[PDB]
């Protein structure tokens, strides 16, 4: 819902979207809430938010430590949902997507997880260890609760996958920049198949990368490790953290225009 409105608006301003990722509760509840408010104020068109998990096997070292730090703070999924409800109460239109690992979604029931997402105002859920092949109950529960199920279009894909990602996905199509963990012509075929707008992610850490993604025909770009690195580098400097974050975001967002 919010993604469609955002993409229509951005299209009208001929600009790409810049979407930052951060781990919820990193490095703590309060500071995380402030980090998130800063990202939004600096220009973030949408947010990608991780719920701390014990075994993030799709994340590089930078985000692995993001999770460690959040755990050091005692952040639980229940508390993440309280944070989510508050962020939505503060920002009514910004699209909010969650980055989840399958066990946190399946734990107390898949349907129940997506219902809670709807309740707090989350817009999409990307389950990192659920490939299209195992996605049926997740995408079905997502749709029943007006949540966009986010699918990964890897670089090493094919037509079959492309057609599935296009028919199954909603909100945005996660266009992987490469193989590996967190640290071109696909875009056209996606448009050919009326797929949700493509958002490129993985390795996006500079303004030119954002400009290049939008030029290739992507609706925007996602950046996480580069954002999380600013957090870890300023742990002892809460204020400087926000300032540097503010700087990077505005630069990245500017590249999208």
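Note that the rigid core is defined as the largest set of C-alphas that superpose within 1.5 Å between two forms. Numbering follows the first chain given and starts at 1.
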When the rigid core is fixed in 8 other deposited structures of this protein, C-alphas move more for 63-71 or 224-232; answer is 224-232
| Do a third or more of the other compared PDB entries fail to give coordinates for residue 149? | no
Residue 183 not built in a third or more of the other entries: yes
Residue 74 to residue 75: deposited residues not modelled, binned count -> none
Mean B factor on CA atoms, stretches 80-88 and 155-163, record says higher is 155-163
Looking only at C-alpha temperature factors in the entry, 210-218 or 184-192, the higher average sits in 184-192
When the entry's CA B-factors for 124, 177, 119, 103 are compared, the highest one belongs to 177
Chain-relative C-alpha B factor for residue 249 (record values, thirds): the highest
Chain thirds by Cα B factor, record data; residue 22 belongs to the lowest
Residue 230: C-alpha B-factor third of its chain, per the entry, is the highest
Assert third(CA B-factor, residue 204) within chain per record equals highest
